[PDB]
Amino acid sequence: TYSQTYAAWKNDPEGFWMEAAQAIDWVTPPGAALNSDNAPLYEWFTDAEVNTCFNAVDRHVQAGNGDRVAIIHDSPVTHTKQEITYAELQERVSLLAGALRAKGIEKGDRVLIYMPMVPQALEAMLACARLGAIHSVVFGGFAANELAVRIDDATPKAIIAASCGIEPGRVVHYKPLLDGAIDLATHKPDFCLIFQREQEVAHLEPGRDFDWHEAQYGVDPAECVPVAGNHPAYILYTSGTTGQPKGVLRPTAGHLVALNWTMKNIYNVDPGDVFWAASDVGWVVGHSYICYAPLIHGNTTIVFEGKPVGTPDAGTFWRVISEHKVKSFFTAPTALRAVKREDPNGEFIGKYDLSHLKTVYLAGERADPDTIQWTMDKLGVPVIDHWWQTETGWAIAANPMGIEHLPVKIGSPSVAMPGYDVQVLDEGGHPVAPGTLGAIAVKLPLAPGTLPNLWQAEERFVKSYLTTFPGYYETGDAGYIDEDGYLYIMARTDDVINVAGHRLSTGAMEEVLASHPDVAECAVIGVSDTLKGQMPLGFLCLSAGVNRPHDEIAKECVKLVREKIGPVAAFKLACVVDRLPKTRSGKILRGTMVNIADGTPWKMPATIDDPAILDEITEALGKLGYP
């Protein structure tokens, strides 16, 4: 039972994690789990030696499963289906690693990856892991400036990219965006590796850019390089301002142990089953559950290049699941809301044999009751909300379907996973009564596989995560826990919003808006949206002496966010106001504007400069349709 599992962890955490560590093939096995020598900066399995690519690929070939399918590429936007076995994947990754080594990549070097959803993206991640290089994958929906920030922070020796990708009605110009990002960056890579795609080919800068295939001619395959248990597996940037980059570090050994454990115990698949997360390699869901966890565990994983609707229609999810015999499906609530908007009766579902589909999982944003119940009703399988974040790399709260299918409380991601002692704390740092809203914190040490630190930013790591609640990790989410231990995730406690499942910094957006020549100051809030959960909304205050029309400035701002942050920011609603409501210390009362926009309750702020400002704000919101 799950109570037995969780109590077994509480009563003997070392024994629990050392046993889970037995599933990993070590070069040097760890002698213990927790390393508390640098508390409160805890680390796990630091004395191990291991290689991630060996456990995700080679080992399965050596076990006789070389002909098992490792990766299925299903790209409706290029009408392409490709299957790659574990033996084929071993050949591709070891030769690609050899090419990276021949051009100077060494253990510890960073390699940025800027690619759409193609199997070559996983091969690049795994090749870096094979060399002990440290990859950093950047979502292809980010703009050249955002890619430049990353280049500067991570100082990669190389960047791997594809020529293009396909979005509905638009080709994404990866290589031109990379070119502009490299020009913007102060740090310059030694070389780039460019995977050409026929939909829009790329220009190579001579001496810098090399063709993916040609660079592999005549190279020897590289071996799996042994790295320390606490060697970084990758750097994954999450929501932030250009001044305060948050490069989440993933430690190699805890990552292997924890992700492997989740595949049966949470996602209820056995080795050889087919698993599909409809996410992107640019996100942690794509790191953990497109690339690493299924391959570590010996599953088939699906790399899907398309959309829940429009590539070609709302049946695509069911066609993919049916055709490839998916057993567990992992997606985001926004994607299913799009499907049921187009196909409310689930007519596409009856067209396909879904008899292999056993469980659906949701994460990345609030899983609303309508979406849960529709999906349960139309698929007749359990639908499992579960909560986690870039920092943890795997579930904090879940329904542990491979251990015990617990009763689902619709609206809740269920219960704390082993390794997470989850508590709701008040302003004063004290646990509150069940059902009381507060900040969700996790008692240190955070579970194996979670971040030990931020890339070259230890001070920012301590401040943002370990300081508000000493002895705890501050998740950044607020919510409550009921009397049975079921979690409910409410809002972020910081500037972050979740748009269509995507974690975005509103502060990043304000910094961009604040650089428009005519804007004196601004505020970006996240308003409620039925389809996408939240949407960003901007308020603009012009400088003195601005005559220009208001909507024309608003357009240049919408366009500046798209150019500086990227299309993924989904920033379409900007408006112009005389002034912003502030407290005595000058803080902008963003929380009050949100409640006004959402038509939710609020109390007039107690230290607001001029209350009449909120009437002006209310008029600006009504012009945009809110509420």
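Heads up: residue numbers just count along the shown sequence, starting at 1.
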If you take the mean CA temperature factor per stretch, which one wins between 493-501 and 250-258? 493-501
For the stretches 16-24 and 609-617, which has the higher mean C-alpha B-factor as given in the deposited record? 609-617
Candidate set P245, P470, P413, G298 [ranked by C-alpha B-factor, highest]: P245
Based on the PDB record, which member of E404, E556, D74, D209 exhibits the highest Cα temperature factor? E556
The third of the chain into which the C-alpha temperature factor of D484 falls is the highest
Quick check on the deposited entry: does the C-alpha B-factor of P30 sit in the lowest, middle or highest third of its chain? lowest
Ranking every modelled residue in this chain by its Cα temperature factor as given in the entry, which third contains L454? middle
Give the position of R59 by CA B-factor within its chain, expressed as the lowest, middle or highest third. middle
Lowest, middle or highest third of the chain for the C-alpha temperature factor of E91? lowest
